[PDB]
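Enquirer:
Chains as they are written, first to last, in our numbering: chain A, 1 to 38; chain B, 39 to 44; chain C, 45 to 159; chain D, 160 to 353; chain E, 354 to 638; chain F, 639 to 960.
Quick look at the structure:
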């Protein structure tokens with residue numbers, strides 16, 4: 001009963017586009033090139 | 039005499 | 045997500061969500077009034093097969109990777125075989141401890157079998 | 160002088176051999192987490208019995224990779240509980256992180272086995288021995304473990320069977336001799352002799 | 354000039370000595386490369402093996418080559434500084450080799466008899482190696498310090514020139530001390546250790562019989578190969594009349610070959626016993 | 639009801655991660671050398687954490703020694719004998735005045751650096767696996783009895799008990815915002831928790847075996863996972879789907895420790911092939927092999943300023959690579 005309620009609470013979530021997450025990850029990765037010692 | 043050495 | 049579903053007299057266990065030919069799978073039973081007990085095991089190649097001595101020479105355990113499922117064949121049953129039958133998998137691939145456990149994360153809910 | 164005080168403690172790490180104890184609830188592990196220490200022949204052994212964790216043992220057993228020996232104690236009288244001991248022995252012997260170190264095998268409560276047999280395995284009938292009944296039963300129990308122990312990994316580590324009861328008092332010298340033999344073979348491997 | 358040997362005998366001794374120095378230095382530097390290069394065999398347990406291999410290689414190369422090229426015609430070619438150098442350093446290499454064999458035997462005895470006692474640390478191992486080398490150079494110092502190159506008609510000799518005594522006490526007491534510290538006591542120590550180990554250690558049982566047989570070979574060939582060396586070097590304090598002809602030259606060359614025959618044995622033993630050493634000799638060549 | 643979640647994640651699958659990373663040059667080859675070698679440990683070591691000052695680190699070993707070293711001079715500044723020999727986790731406080739340890743003794747001991755034990759936390763029934771400091775007052779711990787716990791060190795009692803796992807919990811990572819934390823367990827599921835709300839937020843199931851290590855991305859909106867099936871996966875919190883699978887056919891061994899750099903471009907992972915790997919977090923390509931250890935790598939830590947990385951295996955040797 002608790003697991004079904006937890007999965008039902010986790011079902012109603014807001015999901016942005018995967019390309020939007022890829023673009024944000026791209027922006028943070030290319031925004032810190034000068035502070036990367038490797 | 040021979041003078042051998044170790 | 046890993047999921048093992050039992051059915052079945054021939055037992056069929058369906059496995060999905062993970063690679064099939066890299067794990068050693070087990071069959072365990074739960075008779076009421078006692079704990080769990082190991083029945084038989086099968087390796088990746090299907091060569092190293094062992095059984096419990098109480099059910100040795102009677103059961104036929106098999107694995108096919110193309111159908112991605114596990115089969116068990118029973119004949120000449122006994123009244124002592126009335127139990128809940130779980131298909132289990134020990135977690136480390138290319139290799140096995142915790143399949144006979146109270147709580148396990150890689151085995152199904154089991155089916156009740158009574159003669 | 161921090162590094163000077165460590166080296167003496169280094170001797171405290173080196174003169175003491177650690178032991179890992181397993182078994183079940185019915186086996187007499189206590190009468191042979193919990194810590195015990197005993198000195199035989201001016202050599203200290205310090206044995207561990209982990210019993211506070213859960214039944215899942217596939218993660219914390221990796222902590223015992225460098226222990227000298229594993230004492231596996233088996234209940235022999237109750238015949239319905241041997242198959243779990245066989246499966247545990249096979250799983251221990253076939254482990255990746257436990258294949259270097261060796262298992263000293265104790266078969267406890269032999270007097271209870273004799274009292275039970277003087278009152279499961281379908282291959283027992285076609286077995287011959289390598290007061291006459293108890294010898295066949297005892298060496299059946301021994302050989303069913305030794306076929307697993309000699310099935311694989313015989314060169315890396317060995318198994319030392321032992322027959323004992325709860326009223327025994329000489330297990331310290333036997334485990335001393337077993338550890339001496341284990342470390343002797345390890346030293347013969349380390350010194351380019353074998 | 355005396356001791357001008359004919360050509361065929363010089364060719365025969367040159368062939369034998371060339372064979373023994375080539376096989377000794379090849380085996381010893383390969384033992385160096387295997388222990389110190391693979392980094393998995395690099396252990397505190399093998400530091401005595403590295404020290405023994407170094408002392409045996411130094412023995413073979415320096416001592417055997419300079420003694421043979423000296424003793425072919427009894428004419429020294431290297432001058433007084435190298436006369437001092439040969440009277441100092443290769444004798445210490447010999448002494449350190451025998452003491453490193455004693456240390457290896459002590460380690461094997463204390464390990465096989467007492468396996469539950471812990472192995473010695475790297476600090477104590479380095480201290481033992483340092484004490485071995487300091488005592489070796491300290492015992493080889495009186496020959497190095499008293500060396501002298503002298504000129505005779507058509508002859509140049511490197512000889513130890515002790516202060517003169519009416520009874521020849523100084524060099525006799527020195528050679529007696531060298532004998533009792535170099536032949537007697539390490540042989541007794543290695544014999545007691547290998548006897549106790551062989552008695553205790555006498556399928557995997559055949560490896561133990563091989564190990565006991567091989568240490569029997571080690572003790573016997575040490576006694577055989579180092580008896581006539583000390584016998585001849587203690588000879589002139591008992592029977593000094595044997596130095597008339599080239600018979601003592603032949604005796605000296607024969608006992609130098611027999612005494613330097615003990616350099617080859619340890620790579621042969623390590624190749625015959627261990628499997629990874631066989632793999633190492635296979636990989637090197 | 640999870641079939642609707644699977645259908646929603648399938649509908650959210652617009653493009654792969656590598657489809658959006660095409661218009662950039664790859665990193666290339668990344669190589670490092672052992673600048674410092676630490677040989678003061680006797681037995682096998684299990685855990686390690688870097689300080690926030692990037693100068694002092696702490697190492698936990700199974701012989702009962704907790705040693706705080708100096709990374710610049712390769713020397714020990716503190717060496718604490720432990721009450722229990724068996725430990726599995728350690729963490730050095732951001733203020734630098736505290737260090738925690740825990741293991742099979744069911745105690746989360748806290749040690750003060752202003753050396754004796756300060757307090758001893760006893761609320762877990764299983765072995766501890768990972769602990770990290772939020773502040774100097776509150777700490778988050780994880781144990782193998784499927785429980786994470788938020789402790790207040792001033793009172794020594796659990797504030798929130800996180801119980802949402804079915805397998806034994808191996809690792810946790812702290813967000814840069816110090817308000818959420820992700821945790822991985824032995825049920826092929828890693829999930830996010832809120833320290834204030836005391837409840838789980840999202841659940842991520844992508845792997846096929848036990849999760850052994852986890853780390854946040856430097857922006858706090860992604861995390862990489864390492865497991866026993868010889869693969870790594872990158873997950874995004876908002877998308878809640880698998881982005882990249884850093885896997886190779888020539889590795890069949892486990893993964894024990896992962897960590898990210900300052901930029902997050904180089905994902906550093908400790909494998910079970912006696913060597914670590916560096917991964918491009920976008921190209922999903924192999925960048926180099928870190929092979930300097932004779933035993934299996936158990937701990938791995940990258941400094942906040944990224945000027946060094948420390949790595950340990952059970953051969954009692956700590957190595958700084960740069």
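Note that CB positions come from ideal geometry on N, CA and C, so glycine has one too.
Do residue 696 of chain F and residue 961 of chain F count as a contact pair if the criterion is CB distance below 7 Å?
Expert: Residue 961 of chain F is absent from the structure shown; chain F starts at 639 and stops at 960.
Enquirer: Flag this pair as touching only if the stretch 905-914 of chain F and the stretch 658-665 of chain F have three or more C-beta atom pairs under 8 Å; answer yes or no.
Expert: They do not touch, by the three-pair rule.
Enquirer: To be precise: take each residue of the stretch 92-117 of chain C, compare its Cβ to all Cβ atoms of chain D, and keep it if any distance is under 9 Å. Which residues remain?
Expert: Answer set for the stretch 92-117 of chain C: 94, 96, 97, 98, 100, 101.
Enquirer: Can you name the start and end residues of the beta strand (DSSP E) that residue 105 of chain C belongs to?
Expert: Taken as a continuous stretch (DSSP letters only), the beta strand (DSSP E) holding residue 105 of chain C covers 104-108.
Enquirer: Excluding the 5 residues flanking residue 886 of chain F on each side, which residues of the same chain have their C-beta closer than 8 Å to its C-beta?
Expert: The residues are 868, 924.
Enquirer: Would you verify that the beta carbon of residue 748 of chain F is, or is not, closer than 7 Å to some beta carbon of chain A?
Expert: Output row for residue 748 of chain F: interface = no.
Enquirer: Please decide whether residue 669 of chain F counts as near chain A, where near means a Cβ-Cβ distance under 7 Å.
Expert: No, its Cβ sits nowhere closer than 7 Å to a Cβ of chain A.
Enquirer: Between the stretch 431-438 of chain E and the stretch 394-411 of chain E, are three or more C-beta pairs nearer than 8 Å?
Expert: No, they do not touch.
Enquirer: Comparing the C-beta of residue 349 of chain D with each C-beta of chain E, is any distance below 7 Å?
Expert: So, interface residue.
Enquirer: Does any C-beta atom of chain D lie closer than 7 Å to the C-beta of residue 564 of chain E?
Expert: True, the Cβ-Cβ gap to chain D drops below 7 Å.
Enquirer: Assuming residue 895 of chain F and residue 847 of chain F make a contact with CB atoms under 8 Å, what is their CB distance in whole Å?
Expert: Not really, about 16 Å apart at Cβ, beyond 8 Å.
Enquirer: Determine the closest residue to residue 273 of chain D out of D:234, D:283, D:281, D:310, with distance taken between C-alpha atoms.
Expert: Closest by alpha carbon: D:234.
Enquirer: Give the residues from the stretch 707-729 of chain F that approach chain D closer than 7 Å (Cβ to any Cβ), ordered along the chain.
Expert: Listed by position, the residues of the stretch 707-729 of chain F near chain D (Cβ gap below 7 Å) are 714, 717, 724.
Enquirer: Considering only residues of the same chain and omitting the five flanking positions on each side of residue 857 of chain F, which have a CB-CB separation below 8 Å?
Expert: Closer than 8 Å at Cβ, skipping near neighbours: 814, 902.
Enquirer: Counting pairs of beta carbons, one from the stretch 599-619 of chain E and one from the stretch 372-380 of chain E, are three or more of them closer than 8 Å?
Expert: Yes, since at least three Cβ pairs between the stretch 599-619 of chain E and the stretch 372-380 of chain E fall closer than 8 Å, the two stretches touch.
Enquirer: If the cut is a Cβ gap below 8 Å, which residues of chain C does residue 279 of chain D touch?
Expert: The answer, in chain order, is 97, 98.
Enquirer: What residues in its chain sit with their C-beta under 6 Å from that of residue 773 of chain F, if we drop five residues either side in the sequence?
Expert: If we look at residue 773 of chain F and ignore the five residues flanking it on each side, it has no Cβ neighbours.
Enquirer: What does the alpha-carbon distance come out to for the pair residue 539 of chain E and residue 294 of chain D?
Expert: Cα to Cα, residue 539 of chain E sits roughly 53 Å from residue 294 of chain D.
Enquirer: Would you mind listing the beta strand (DSSP E) stretches within the stretch 112-146 of chain C that are 3+ residues and don't spill past its ends, in chain order?
Expert: Fully enclosed beta strand (DSSP E) runs of 3 or longer: 113-117, 127-133.
Enquirer: Could you spell out where the beta strand (DSSP E) holding residue 906 of chain F opens and where it closes?
Expert: Residue 906 of chain F -> beta strand (DSSP E) spans 904-909.
Enquirer: In chain order, which continuous runs of the alpha helix (DSSP H) of length 4 or greater are located wholly inside the stretch 639-665 of chain F?
Expert: Whole alpha helix (DSSP H) segments, 4+ residues: 640-649, 655-658.
Enquirer: What is the C-beta distance between residue 61 of chain C and residue 47 of chain C, in whole angstroms, given that I count them as a contact (C-beta under 8 Å)?
Expert: Correct: roughly 6 Å between the Cβ atoms.
Enquirer: What are the boundary residues of the beta strand (DSSP E) that includes residue 915 of chain F?
Expert: Unbroken beta strand (DSSP E) run through residue 915 of chain F: 914-918.
Enquirer: Determine the extent of the alpha helix (DSSP H) in which residue 482 of chain E is found, giving its start and end residues.
Expert: Residue 482 of chain E -> alpha helix (DSSP H) spans 475-498.
Enquirer: For residue 747 of chain F, I'd like the list of residues in its chain whose CB is within less than 6 Å of its CB, leaving aside the five on either flank, ordered along the chain.
Expert: Around residue 747 of chain F: 739, 755, 758.
Enquirer: Which chain F residues are close to residue 5 of chain A, counting only those with a beta carbon under 8 Å from its beta carbon?
Expert: Those do not exist, as residue 5 of chain A stays about 10 Å from chain F at its closest Cβ, beyond 8 Å.
Enquirer: Runs of 4 residues minimum, wholly inside the stretch 682-764 of chain F: which ones carry the alpha helix (DSSP H) assignment?
Expert: Qualifying alpha helix (DSSP H) stretches: none in this window.
Enquirer: I'd like the span of the beta strand (DSSP E) that includes residue 50 of chain C, first residue to last.
Expert: Its beta strand (DSSP E) spans residues 47-51.
Enquirer: Using alpha carbons as the reference points, say which of F:681, F:723, F:939, F:933 lies closest to residue 811 of chain F.
Expert: Of F:681, F:723, F:939, F:933, the residue nearest in Cα terms is F:939.
Enquirer: Helix, strand or coil for residue 437 of chain E? Go by DSSP, reduced to three states.
Expert: Here residue 437 of chain E sits in helix by DSSP.
Enquirer: If we ignore side chains and look at the alpha-carbon of each, how far apart do residue 39 of chain B and residue 596 of chain E end up?
Expert: Looking at the two C-alpha atoms, the distance is approximately 5 Å.
Enquirer: Going by beta carbon distance, what residues of the same chain come within less than 6 Å of residue 231 of chain D, once the five residues before and after it are set aside?
Expert: Here the set comprises 181, 262, 264.
Enquirer: Can you tell me which of E:449, E:630, E:590 puts its alpha carbon nearest to the alpha carbon of residue 520 of chain E?
Expert: Checking every option, the nearest Cα to that of residue 520 of chain E belongs to E:590.
Enquirer: Residue 547 of chain E CB to nearest chain D CB: under 7 Å?
Expert: Not closer than 7 Å to any Cβ of chain D, the Cβ of residue 547 of chain E fails to qualify, so no.
Enquirer: Of all the options F:955, F:949, F:948, F:943, which has the alpha carbon lying nearest to the alpha carbon of residue 37 of chain A?
Expert: Ranking F:955, F:949, F:948, F:943 by Cα distance to residue 37 of chain A puts F:943 first.
Enquirer: Quick one: what does DSSP say residue 884 of chain F is sitting in, helix, strand or coil?
Expert: Three-state result, residue 884 of chain F: strand.
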